[PDB]
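Survey of secondary and tertiary structure
Listed here are the chains, written in short residue letters.
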Amino acid sequence: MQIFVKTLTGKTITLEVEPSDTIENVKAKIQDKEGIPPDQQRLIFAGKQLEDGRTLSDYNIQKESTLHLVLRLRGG
């Protein structure tokens with residue numbers, strides 16, 4: 001499917017994904033398209049945080065939905 005990723009600075013990118021894609025796959029596509037490492041990416045749809053290891057289907061992500069991309073620095 002086609003989805004969209006709106007950043008926090010008012011920028012939007014277009015992604016090609018499938019519900020079977022894990023979150024690190026989506027962050028990896030965002031990396032290929034933008035150069036932002038998946039470590040510095042916090043994805044949120046409808047307030048819910050997209051956890052690594054889960055899939056897009058684990059959330060109510062429909063075709064041409066728009067996720068929110070926050071740029072962070074990991075602590076751990």
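Regarding how it was determined, this PDB entry cites X-ray crystallography in its header, along with a resolution of 2.274 Å.

Focus: the pattern of salt bridges
This model, assessed by the stated rule, comprises two salt bridges. A salt bridge links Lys-29 to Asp-21, with the nearest nitrogen and oxygen atoms 3.1 Å apart. Overall, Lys-29 belongs to the partly exposed group, its relative accessible area being 25%. In this structure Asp-21 comes out as buried when scored by relative accessible area, which is 14%.

Some details on helix 1 (residues 23-34)
In this model helix 1 runs 16 Å from its N-terminal to its C-terminal C-alpha over twelve residues, within 8% of the 16 Å that 1.5 Å per residue would give. For helix 1, the full list of buried residues reads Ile-23, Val-26, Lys-27 and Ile-30. Viewed along the axis of helix 1, the buried residues span an arc of 95°, placing them on a single side of the element. Contact partners of the buried residues in helix 1: strand 1 (2-7), strand 2 (12-16), strand 3 (41-45) and strand 5 (66-71).

Considerations on unusual backbone geometry
The residue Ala-46 is not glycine, and still its phi comes out positive at about 55°. Secondary-structure assignment places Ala-46 in the loop between strand 3 and strand 4 (48-49). One non-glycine residue, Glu-64, adopts positive backbone phi at about 60°. By relative accessible area, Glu-64 is classed as partly exposed at 48%.

Digging into the environment of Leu-43
By the secondary structure assignment, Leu-43 is in strand 3. By relative accessible area, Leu-43 is classed as buried at 0%. For the pair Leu-43 and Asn-25, spaced 18 residues apart in sequence, the C-alpha to C-alpha distance is 12 Å. Excluding anything up to four places from it in sequence, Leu-43 contacts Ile-23, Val-26, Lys-27, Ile-30, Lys-48, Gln-49, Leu-50, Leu-67, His-68 and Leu-69.

Cut-offs applied
- Residues numbered from 1 in each chain as written, not as in the entry; some residues may be left out.
- Heavy atoms only, no water.
- Residues with missing side-chain atoms left out of burial classes, pairs and counts.
- Salt bridge = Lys/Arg side-chain N within 4 Å of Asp/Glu carboxyl O.
- Buried < 20%, exposed > 50% of the residue type's maximum accessible area, 1.4 Å probe, protein only.
- Helix = DSSP H or I, 4+ residues; strand = E, 2+ residues; numbered from the N terminus.
- Expected span 1.5 Å × (residues − 1).
- Arc of directions from axis to C-beta.
- Contact = heavy atoms within 4.5 Å.

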